[PDB]
Structure formats: structure tokens, C-alpha cells
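Consider the single chain below, provided in C-alpha cells and representing the form deposited in one PDB entry.
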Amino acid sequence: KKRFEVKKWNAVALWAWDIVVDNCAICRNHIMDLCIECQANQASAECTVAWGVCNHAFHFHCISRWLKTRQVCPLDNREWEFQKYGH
């Protein structure tokens, strides 16, 4: 019996793949950090993220190299399709 009370509510959740906000799967550096190639060859002359319609995320540089052997997602095996390149 108070002044403010909930009559109705609309919650929203955006889902991702469980594990943990952990590193790249193809490579292995944190998804938010440099990748096998950058963090190693950043000795002279940007490892960002890319998503798949399958909601899986890797470093754009790691999933691009992999797609050349086969155009599928490393984790599941569905045809691959970039969903987003934005961070």
C-alpha cells in the first residue's frame, strides 16, 4: 500500500552466446583486445569485431581468414553471413 506501484511492465533483453564475454574463438585474444596478427605485428606499418547472422562474434580479421577455407561459422556450421561490423 504505497505511493508508487507497478501496474504493467515491458522488459527487454538482447541475447548472445552464453560462455563469457571472452576472447575470439578462431584466434583467442579477448574480443575487445588485439588479435593474433595485430598484437604481434603492431611493430610497424585495427583488430575490430564482426558479427554473424548466427549471433556469433569474432575479430573481423580472424573470421575473414577462416571464411576462405569455408564460408561457414566456426562454432556452429551454418552458412556464414556478416550481420554487423560495427563494434
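Only residues modelled in both forms are compared. Note that residue numbering begins at 1 and tracks the sequence as displayed. In this text, rigid core is short for the largest set of C-alphas that superpose within 1.5 Å between two forms.
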> Mean C-alpha B-factor higher for 52 to 60, or for 29 to 37?
Replying inline: 29 to 37
> Comparing 64 to 72 with 17 to 25, where is the mean C-alpha B-factor higher?
Replying inline: 17 to 25
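There is also a form deposited in another entry; it is not shown, and the following applies to it.
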> In sequence order, what are the runs of at least 3 consecutive residues whose C-alphas shift by 2 Å or more between the shown form and the other one once the core is aligned?
Replying inline: 2 to 21, 42 to 45
